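Enquirer: First the structure, which I've put down as structure tokens, then a few questions once you've had a look.
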Amino acid sequence: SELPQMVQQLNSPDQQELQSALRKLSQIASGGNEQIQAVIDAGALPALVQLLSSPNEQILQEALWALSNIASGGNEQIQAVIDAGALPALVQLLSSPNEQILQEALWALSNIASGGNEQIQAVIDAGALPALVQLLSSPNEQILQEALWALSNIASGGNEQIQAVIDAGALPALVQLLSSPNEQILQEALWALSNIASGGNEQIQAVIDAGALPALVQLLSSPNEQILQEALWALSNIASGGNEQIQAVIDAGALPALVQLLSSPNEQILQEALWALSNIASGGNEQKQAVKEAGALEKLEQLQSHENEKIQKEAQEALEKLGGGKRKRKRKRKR
Ligand SMILES: [Ca+2]
Ligand SMILES: [Ca+2]
Ligand SMILES: [Ca+2]
Ligand SMILES: [Ca+2]
Ligand SMILES: [Ca+2]
Ligand SMILES: [Mg+2]
Ligand SMILES: [Mg+2]
């Protein structure tokens with residue numbers, strides 16, 4: 001209700017009147033999609049994009065915060081941000097020497113990339129990827145995390161958008177990050193490759209050719225359940241490709257580690273271990289025999305006696321597929 005009065009204050013000579021309006025519009029935009037639409041309907045977006053060119057760092061800080069929380073809404077809400085000419089201004093802020101401005105620009109770009117394929121492509125077309133791939137080599141963990149988050153959401157799009165990430169030279173940087181001692185960076189690098197591996201066979205072969213599999217197979221032996229869940233998701237998407245892709249997974253030695261995970265009392269790890277083996281089972285007779293030789297038949301048959309309906313179904317489906325004769329993830333950040 002008080003929103004139109006706030007939009008008028010975004011172009012005020014009084015700095016204390018301008019900052020109070022920005023702080024309030026940022027707090028409203030942190031709410032639901034119904035609240036975000038009220039900000040857009042008040043015509044805040046044209047005024048907010050204009051403020052990104054302001055030399056004032058305090059104004060630009062809250063202007064980015066407001067746009068980021070608006071960008072964390074629905075697909076139509078994200079589209080309204082793009083129509084206001086936000087992307088060409090956000091891409092220019094990636095080359096900024098200010099760490100707070102760069103962090104907030106990346107936060108805004110990641111939420112826009114959390115929308116549909118049309119929205120993701122608009123970010124690619126704006127020239128975001130070359131800067132994003134460059135940031136994967138940064139010594140700053142706060143910035144590296146944000147760029148990893150934005151690249152994961154772009155890779156959550158269609159095959160055209162995933163190929164654009166591969167072409168920008170992201171895979172060698174992502175594969176290198178799989179050996180990082182930082183668990184947050186490691187999780188996001190795993191989340192990025194998983195979304196890349198959810199694409200076509202050519203895109204999955206790109207992940208294999210970059211040398212990601214030895215690290216992913218190794219991560220199945222981790223005591224950390226968060227890293228285990230991400231590695232299982234990445235390998236499942238790789239195993240969903242062709243017979244060349246399934247065999248690369250077997251050659252990397254995933255089967256003995258996957259069969260070991262069938263003994264886990266954790267329902268999340270189990271479901272993902274079953275899904276990875278089920279995709280492998282949907283390969284040729286050479287691929288089917290490899291699963292049999294790993295000792296999987298014994299555990300799959302025993303898992304058909306589990307009290308969990310989902311665990312029961314997956315185990316039977318995988319055991320049937322062993323007879324002789326792809327998931328994308330998006331994340332929206334609200335602060
Ligand atoms: Ca003044
Ligand atoms: Ca600086
Ligand atoms: Ca550092
Ligand atoms: Ca660590
Ligand atoms: Ca643990
Ligand atoms: Mg950290
Ligand atoms: Mg952890």
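Chain labels follow the order of the structure tokens: the first chain is A, the next B, and so on; residue numbering restarts at 1 in every chain, and ligands are counted from 1 in their shown order.
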Would you list the residues that come within 7 Å of ligand 6? Count only C-alpha atoms and all ligand atoms and give the answer as number ranges by chain.
Expert: A: 141-142, 182, 184-185
Enquirer: Taking N, CA, C and O atoms for each residue, export the selection above as a PDB file, in the first residue's frame.
Expert:
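So the final result, stored in again-v5.pdb, reads:
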ATOM      1  N   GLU A 141      37.043 -16.985  -1.375  1.00  0.00           N
ATOM      2  CA  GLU A 141      36.040 -18.041  -1.174  1.00  0.00           C
ATOM      3  C   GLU A 141      34.597 -17.539  -1.264  1.00  0.00           C
ATOM      4  O   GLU A 141      33.744 -18.263  -1.778  1.00  0.00           O
ATOM      5  N   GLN A 142      34.323 -16.315  -0.771  1.00  0.00           N
ATOM      6  CA  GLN A 142      32.989 -15.695  -0.818  1.00  0.00           C
ATOM      7  C   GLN A 142      32.537 -15.473  -2.273  1.00  0.00           C
ATOM      8  O   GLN A 142      31.397 -15.797  -2.606  1.00  0.00           O
ATOM      9  N   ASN A 182      37.852 -27.316   0.940  1.00  0.00           N
ATOM     10  CA  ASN A 182      36.692 -26.538   1.372  1.00  0.00           C
ATOM     11  C   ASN A 182      35.416 -27.280   0.960  1.00  0.00           C
ATOM     12  O   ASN A 182      35.148 -27.418  -0.233  1.00  0.00           O
ATOM     13  N   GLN A 184      32.211 -26.394   1.215  1.00  0.00           N
ATOM     14  CA  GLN A 184      31.170 -25.576   0.578  1.00  0.00           C
ATOM     15  C   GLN A 184      31.443 -25.438  -0.919  1.00  0.00           C
ATOM     16  O   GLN A 184      30.525 -25.579  -1.725  1.00  0.00           O
ATOM     17  N   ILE A 185      32.708 -25.173  -1.284  1.00  0.00           N
ATOM     18  CA  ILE A 185      33.166 -25.034  -2.667  1.00  0.00           C
ATOM     19  C   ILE A 185      33.018 -26.384  -3.383  1.00  0.00           C
ATOM     20  O   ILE A 185      32.511 -26.431  -4.507  1.00  0.00           O
TER      21      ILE A 185
END
Enquirer: Can I get the residues of chain A within 12 Å of ligand 4, each with the closest pair of atoms and their distance in Å to one decimal, using only C-alpha atoms and all ligand atoms, sorted chain first then ascending number, as CSV?
Expert:
residue,atom,partner,partner_atom_place_in_ligand_line,distance
A:179,CA,ligand 4,1 (Ca),10.7
A:180,CA,ligand 4,1 (Ca),7.9
A:181,CA,ligand 4,1 (Ca),4.4
A:182,CA,ligand 4,1 (Ca),4.2
A:183,CA,ligand 4,1 (Ca),5.4
A:184,CA,ligand 4,1 (Ca),8.4
A:185,CA,ligand 4,1 (Ca),9.5
A:186,CA,ligand 4,1 (Ca),9.3
A:187,CA,ligand 4,1 (Ca),11.4
A:224,CA,ligand 4,1 (Ca),11.0
A:227,CA,ligand 4,1 (Ca),11.7
Enquirer: Next, dump the selected residues to file, keeping only N, CA and C atoms, as an mmCIF file, in the first residue's frame.
Expert:
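The result, stored in out.cif:
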data_model
loop_
_atom_site.group_PDB
_atom_site.id
_atom_site.type_symbol
_atom_site.label_atom_id
_atom_site.label_comp_id
_atom_site.auth_asym_id
_atom_site.auth_seq_id
_atom_site.Cartn_x
_atom_site.Cartn_y
_atom_site.Cartn_z
ATOM 1 N N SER A 179 38.865 -31.562 -5.803
ATOM 2 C CA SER A 179 39.927 -31.916 -4.858
ATOM 3 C C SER A 179 40.141 -30.820 -3.794
ATOM 4 N N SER A 180 39.220 -29.839 -3.735
ATOM 5 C CA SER A 180 39.277 -28.724 -2.790
ATOM 6 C C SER A 180 39.048 -29.171 -1.340
ATOM 7 N N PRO A 181 39.853 -28.659 -0.375
ATOM 8 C CA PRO A 181 39.630 -29.029 1.033
ATOM 9 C C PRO A 181 38.428 -28.300 1.657
ATOM 10 N N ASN A 182 37.852 -27.316 0.940
ATOM 11 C CA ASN A 182 36.692 -26.538 1.372
ATOM 12 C C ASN A 182 35.416 -27.280 0.960
ATOM 13 N N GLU A 183 34.631 -27.744 1.949
ATOM 14 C CA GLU A 183 33.399 -28.514 1.744
ATOM 15 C C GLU A 183 32.261 -27.736 1.071
ATOM 16 N N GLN A 184 32.211 -26.394 1.215
ATOM 17 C CA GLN A 184 31.170 -25.576 0.578
ATOM 18 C C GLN A 184 31.443 -25.438 -0.919
ATOM 19 N N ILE A 185 32.708 -25.173 -1.284
ATOM 20 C CA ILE A 185 33.166 -25.034 -2.667
ATOM 21 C C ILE A 185 33.018 -26.384 -3.383
ATOM 22 N N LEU A 186 33.411 -27.478 -2.695
ATOM 23 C CA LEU A 186 33.326 -28.859 -3.166
ATOM 24 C C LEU A 186 31.877 -29.258 -3.486
ATOM 25 N N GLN A 187 30.918 -28.899 -2.604
ATOM 26 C CA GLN A 187 29.494 -29.208 -2.770
ATOM 27 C C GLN A 187 28.908 -28.515 -4.012
ATOM 28 N N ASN A 224 31.358 -37.809 4.820
ATOM 29 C CA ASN A 224 30.488 -36.628 4.737
ATOM 30 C C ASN A 224 29.280 -36.931 3.849
ATOM 31 N N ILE A 227 28.499 -34.346 0.788
ATOM 32 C CA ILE A 227 29.395 -34.559 -0.351
ATOM 33 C C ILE A 227 29.045 -35.875 -1.057
#
Enquirer: As a quick test: using only C-alpha atoms and all ligand atoms, which residues lie no more than 8 Å away from ligand 5? Give them as a ChimeraX atom specification.
Expert: /A:222-225
Enquirer: Please find the residues contacting ligand 3 at a distance of at most 10 Å between atoms, with only C-alpha atoms and all ligand atoms counted, and report them as a short mmCIF file (atom, residue, chain, number, x, y, z; two decimals) with C-alpha atoms, in the first residue's frame.
Expert:
data_model
loop_
_atom_site.label_atom_id
_atom_site.label_comp_id
_atom_site.auth_asym_id
_atom_site.auth_seq_id
_atom_site.Cartn_x
_atom_site.Cartn_y
_atom_site.Cartn_z
CA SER A 138 39.72 -16.52 -7.65
CA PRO A 139 41.48 -16.79 -4.22
CA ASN A 140 38.34 -15.26 -2.58
CA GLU A 141 36.04 -18.04 -1.17
CA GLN A 142 32.99 -15.70 -0.82
CA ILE A 143 33.18 -14.71 -4.56
CA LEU A 144 34.09 -18.28 -5.75
#
Enquirer: Using only C-alpha atoms and all ligand atoms, which residues have at least one atom no more than 7 Å from ligand 2? Output them as a list in words.
Expert: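 So, counting only C-alpha atoms and all ligand atoms, the residues near ligand 2 are residues 97, 98 and 99 of chain A.
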Enquirer: Rank nothing, just name the residue among A:245, A:279, A:11, A:56 nearest to residue A:233, using only C-alpha atoms.
Expert: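 That would be A:279, the residue with the smallest distance to residue A:233.
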Enquirer: Env of stretch 260-266 of chain A: 12 Å cut, atoms = only C-alpha atoms, seq-sep filter 2 positions within chain, self excluded. Answer as a PDB file with C-alpha atoms, in the first residue's frame.
Expert:
ATOM      1  CA  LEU A 219      33.961 -39.254  -3.193  1.00  0.00           C
ATOM      2  CA  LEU A 220      31.672 -42.357  -2.765  1.00  0.00           C
ATOM      3  CA  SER A 221      34.124 -43.397   0.063  1.00  0.00           C
ATOM      4  CA  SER A 222      33.583 -40.061   1.945  1.00  0.00           C
ATOM      5  CA  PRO A 223      32.197 -40.029   5.538  1.00  0.00           C
ATOM      6  CA  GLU A 225      26.808 -37.272   3.772  1.00  0.00           C
ATOM      7  CA  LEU A 228      28.215 -38.203  -0.747  1.00  0.00           C
ATOM      8  CA  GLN A 229      24.686 -37.054  -1.842  1.00  0.00           C
ATOM      9  CA  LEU A 232      25.823 -39.851  -6.119  1.00  0.00           C
ATOM     10  CA  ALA A 254      32.071 -46.966  -9.350  1.00  0.00           C
ATOM     11  CA  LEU A 255      30.291 -50.383  -8.951  1.00  0.00           C
ATOM     12  CA  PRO A 256      32.206 -51.761  -5.836  1.00  0.00           C
ATOM     13  CA  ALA A 257      31.663 -48.394  -4.072  1.00  0.00           C
ATOM     14  CA  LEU A 258      27.946 -48.280  -5.123  1.00  0.00           C
ATOM     15  CA  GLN A 268      18.626 -40.708   1.034  1.00  0.00           C
ATOM     16  CA  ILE A 269      22.050 -42.313   0.217  1.00  0.00           C
ATOM     17  CA  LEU A 270      20.320 -45.681  -0.486  1.00  0.00           C
ATOM     18  CA  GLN A 271      17.733 -44.166  -2.919  1.00  0.00           C
ATOM     19  CA  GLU A 272      20.553 -42.363  -4.827  1.00  0.00           C
ATOM     20  CA  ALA A 273      22.799 -45.501  -4.812  1.00  0.00           C
ATOM     21  CA  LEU A 274      19.836 -47.526  -6.264  1.00  0.00           C
ATOM     22  CA  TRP A 275      19.110 -44.805  -8.934  1.00  0.00           C
ATOM     23  CA  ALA A 276      22.829 -44.835  -9.998  1.00  0.00           C
ATOM     24  CA  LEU A 277      22.837 -48.681 -10.350  1.00  0.00           C
ATOM     25  CA  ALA A 294      30.237 -56.584  -8.356  1.00  0.00           C
ATOM     26  CA  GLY A 295      27.871 -58.517  -6.032  1.00  0.00           C
ATOM     27  CA  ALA A 296      24.792 -56.249  -6.485  1.00  0.00           C
ATOM     28  CA  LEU A 297      22.193 -59.078  -7.132  1.00  0.00           C
ATOM     29  CA  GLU A 298      22.435 -60.279  -3.469  1.00  0.00           C
ATOM     30  CA  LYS A 299      21.784 -56.801  -1.962  1.00  0.00           C
ATOM     31  CA  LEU A 300      19.082 -55.806  -4.519  1.00  0.00           C
ATOM     32  CA  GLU A 301      17.059 -59.004  -3.783  1.00  0.00           C
ATOM     33  CA  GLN A 302      17.412 -58.410   0.008  1.00  0.00           C
ATOM     34  CA  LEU A 303      16.341 -54.725  -0.444  1.00  0.00           C
ATOM     35  CA  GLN A 304      12.983 -55.938  -1.917  1.00  0.00           C
ATOM     36  CA  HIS A 306      12.677 -53.230   3.016  1.00  0.00           C
ATOM     37  CA  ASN A 308      10.109 -48.417   2.625  1.00  0.00           C
ATOM     38  CA  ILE A 311      13.365 -48.367  -1.608  1.00  0.00           C
ATOM     39  CA  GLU A 314      13.842 -49.049  -6.986  1.00  0.00           C
ATOM     40  CA  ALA A 315      15.501 -52.362  -5.914  1.00  0.00           C
TER      41      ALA A 315
END
Enquirer: Any residue with an atom at most 8 Å from ligand 1 counts, using only C-alpha atoms and all ligand atoms. Which are they? Put them as a list in words.
Expert: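 The residues near ligand 1 are residues 12, 13, 14 and 15 of chain A.
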Enquirer: Atoms to include: C-alpha atoms. Write the selected residues as a compact mmCIF listing (two decimals), in the first residue's frame.
Expert:
# COMPACT_ATOMS: atom_id res chain seq x y z
CA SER A 12 15.31 12.03 -4.40
CA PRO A 13 18.01 14.70 -3.68
CA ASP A 14 17.90 13.71 0.04
CA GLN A 15 20.21 10.68 0.55
Enquirer: Using only C-alpha atoms, pick whichever of A:34, A:316, A:92, A:29 has the shortest atom-to-atom distance to residue A:71.
Expert: A:29
Enquirer: Could you pull the residues within 9 Å of residue A:104, counting only C-alpha atoms, minus those fewer than 3 positions along the same chain, as a ChimeraX atom specification?
Expert: /A:61,64-65,68,99-101,107-109,146
Enquirer: Please produce a file of those selected residues containing C-alpha atoms, as an mmCIF file, in the first residue's frame.
Expert:
data_model
loop_
_atom_site.group_PDB
_atom_site.id
_atom_site.type_symbol
_atom_site.label_atom_id
_atom_site.label_comp_id
_atom_site.auth_asym_id
_atom_site.auth_seq_id
_atom_site.Cartn_x
_atom_site.Cartn_y
_atom_site.Cartn_z
ATOM 1 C CA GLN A 61 24.545 -1.997 -2.406
ATOM 2 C CA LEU A 64 21.451 -4.816 -5.879
ATOM 3 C CA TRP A 65 19.936 -6.397 -2.692
ATOM 4 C CA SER A 68 18.269 -9.952 -6.108
ATOM 5 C CA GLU A 99 33.991 -7.206 -3.325
ATOM 6 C CA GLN A 100 30.534 -6.320 -1.843
ATOM 7 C CA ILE A 101 29.200 -5.019 -5.225
ATOM 8 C CA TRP A 107 23.747 -13.081 -6.170
ATOM 9 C CA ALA A 108 21.362 -11.213 -8.567
ATOM 10 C CA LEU A 109 22.641 -13.113 -11.687
ATOM 11 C CA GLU A 146 28.608 -17.019 -5.626
#
Enquirer: Determine, counting only C-alpha atoms, which protein, DNA and RNA residues have an atom within 10 Å of an atom of residue A:116; residues of the same chain fewer than 5 positions away are not included. Present the result as a PyMOL selection string.
Expert: chain A and resi 74-76+78-79+121+153-154+156-158
Enquirer: Write the residues of the selection above to a file with N, CA, C and O atoms, as a compact mmCIF listing (two decimals), in the first residue's frame.
Expert:
# COMPACT_ATOMS: atom_id res chain seq x y z
N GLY A 74 9.02 -15.82 -9.02
CA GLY A 74 8.55 -16.65 -10.13
C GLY A 74 9.24 -16.33 -11.44
O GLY A 74 9.94 -15.32 -11.55
N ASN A 75 9.02 -17.19 -12.46
CA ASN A 75 9.60 -17.04 -13.80
C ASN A 75 9.19 -15.74 -14.49
O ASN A 75 10.02 -15.12 -15.16
N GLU A 76 7.93 -15.32 -14.29
CA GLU A 76 7.38 -14.09 -14.85
C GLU A 76 7.94 -12.86 -14.11
O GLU A 76 8.09 -11.80 -14.72
N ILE A 78 11.03 -12.80 -12.69
CA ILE A 78 12.42 -12.75 -13.17
C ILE A 78 12.44 -12.08 -14.56
O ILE A 78 13.31 -11.25 -14.83
N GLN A 79 11.46 -12.44 -15.43
CA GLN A 79 11.34 -11.88 -16.79
C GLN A 79 11.16 -10.36 -16.76
O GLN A 79 11.75 -9.66 -17.59
N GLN A 121 19.11 -18.29 -20.91
CA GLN A 121 19.70 -17.91 -22.19
C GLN A 121 19.97 -16.40 -22.26
O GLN A 121 21.04 -16.00 -22.72
N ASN A 153 23.11 -22.84 -11.70
CA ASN A 153 21.76 -22.48 -12.14
C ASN A 153 21.66 -22.32 -13.66
O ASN A 153 20.61 -22.59 -14.23
N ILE A 154 22.76 -21.90 -14.32
CA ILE A 154 22.79 -21.78 -15.78
C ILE A 154 22.81 -23.19 -16.37
O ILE A 154 22.09 -23.45 -17.33
N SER A 156 21.48 -25.70 -15.08
CA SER A 156 20.20 -26.33 -14.74
C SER A 156 19.20 -26.17 -15.89
O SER A 156 18.11 -26.74 -15.83
N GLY A 157 19.57 -25.39 -16.91
CA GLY A 157 18.75 -25.15 -18.10
C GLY A 157 18.82 -26.28 -19.11
O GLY A 157 19.27 -27.39 -18.78
N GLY A 158 18.40 -26.00 -20.34
CA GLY A 158 18.40 -26.96 -21.43
C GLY A 158 19.78 -27.29 -21.96
O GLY A 158 20.77 -26.68 -21.54
Enquirer: Do a neighbour search on residue A:62 at 8 Å with only C-alpha atoms, toss out local chain neighbours closer than 5 positions, and write the hits as a VMD selection string.
Expert: chain A and resid 19 22 to 23 26
Enquirer: Given only C-alpha atoms as the basis, pick out the residue of A:41, A:327, A:170, A:333 nearest to residue A:237.
Expert: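 That would be A:327, the residue with the smallest distance to residue A:237.
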Enquirer: Within stretch 72-318 of chain A, find each residue whose DSSP state, derived from the backbone, is helix (DSSP H, G or I), and express the selection as an MDAnalysis selection string.
Expert: chainID A and resid 75:83 86:95 99:112 117:125 129:137 141:154 159:167 171:179 183:196 201:209 213:221 225:238 243:251 254:263 267:281 285:293 296:303 309:318
Enquirer: Tell me which of A:251, A:259, A:55, A:230 sits closest to ligand 7, counting only C-alpha atoms and all ligand atoms.
Expert: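 Answer, going by the shortest atom-to-atom distance: A:230.
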Enquirer: Kindly give the distance, in Å, that separates atom CA of residue A:318 and atom CA of residue A:278, rounded to a single decimal.
Expert: 4.5 Å
Enquirer: Excluding residue A:39 and any residue of its chain fewer than 5 positions from it, enumerate the residues within 10 Å of it, using only C-alpha atoms, and give them as a list in words.
Expert: residues 3, 4, 6, 7, 25, 26, 28, 29, 34, 44, 45, 66 and 70 of chain A
Enquirer: Go through A:234, A:291, A:51, A:18 one by one, measure the shortest atom-to-atom distance of each to residue A:253 using only C-alpha atoms, and give the residue with the smallest value.
Expert: A:291
Enquirer: Between A:331, A:293, A:72, A:126, single out the one closest to residue A:148, counting only C-alpha atoms.
Expert: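 Nearest candidate to residue A:148 out of A:331, A:293, A:72, A:126: A:331.
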